[PDB]
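S.K.: Begin with these chain(s), straight out of the complex:
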Amino acid sequence: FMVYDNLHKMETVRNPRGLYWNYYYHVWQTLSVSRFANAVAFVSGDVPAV
């Protein structure tokens, strides 16, 4: 696993005419896997020869 997180933040705004609060939660990440590591999968069914 090569999972990292770049951004994690929260922002708030207020409407003075409607009297409510808006909350936004921003999440930015990188998701990847490494081909240099061993990884075997067990499969049942019709699998190709190669």
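M.R.: Noted; the coordinates are in hand. Numbers count the residues shown, from 1 in each chain, chains lettered A, B, ... in the order given.
S.K.: So for residue A:23, what's the nearest residue that isn't a sequence neighbour?
M.R.: Spatial nearest neighbour of residue A:23, chain neighbours left out: residue A:12 (5.4 Å); criterion: Cβ to Cβ, 6 or more residues apart in numbering. (Each C-beta comes from the backbone N, C-alpha and C, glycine too.)
S.K.: Could you measure from that neighbour over to residue A:22?
M.R.: 7 Å (Cβ to Cβ, to the nearest Å).
S.K.: about what we covered before: now do the contacts for the residue nearest to residue A:23.
M.R.: A:21, A:22, A:23, A:24 (Cβ atoms under 8 Å, 6 or more residues apart in numbering).
S.K.: before we move on, what about residue A:15?
M.R.: By Cβ under 8 Å, 6+ apart, residue A:15 lies in contact with A:21, A:22.
S.K.: here's chain B, add it to the model above:
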Amino acid sequence: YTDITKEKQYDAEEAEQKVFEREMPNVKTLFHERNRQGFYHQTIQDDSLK
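M.R.: Chain B added:
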């Protein structure tokens, strides 16, 4: 002279797009100018009255 304003009804859902709407105050003006320009004229005959 600045006068009173008018009451609006609470509307949270309509407040979403009208937060920056404007409302001009009720202001009235009056002007006063100069009216009267007069004079009084009299004669005094000093010797004739002496």
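S.K.: The contacts of residue A:15 again please, this time with chain B.
M.R.: Going by Cβ atoms under 8 Å, 6 or more residues apart in numbering or on different chains, residue A:15 touches A:21, A:22, B:15, B:16, B:19.
S.K.: Around chain A, which positions in chain B sit nearby?
M.R.: Taking Cβ under 8 Å from any Cβ of the partner chain as the contact definition, chain B meets chain A at B:10, B:11, B:12, B:13, B:14, B:15, B:16, B:18, B:19, B:21.
S.K.: Now which of those residues would you call buried?
M.R.: With burial judged by 16 or more other Cβ atoms under 10 Å in any protein chain shown, the buried subset of these is residue B:15.
S.K.: Now render the residues of chain B next to chain A as TSV, adding secondary structure.
M.R.: Below are the residues of chain B next to chain A laid out as TSV (DSSP: H, G, I helix; E, B strand; the rest coil):
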residue	secondary structure
B:10	coil
B:11	coil
B:12	coil
B:13	coil
B:14	helix
B:15	helix
B:16	helix
B:18	coil
B:19	coil
B:21	coil
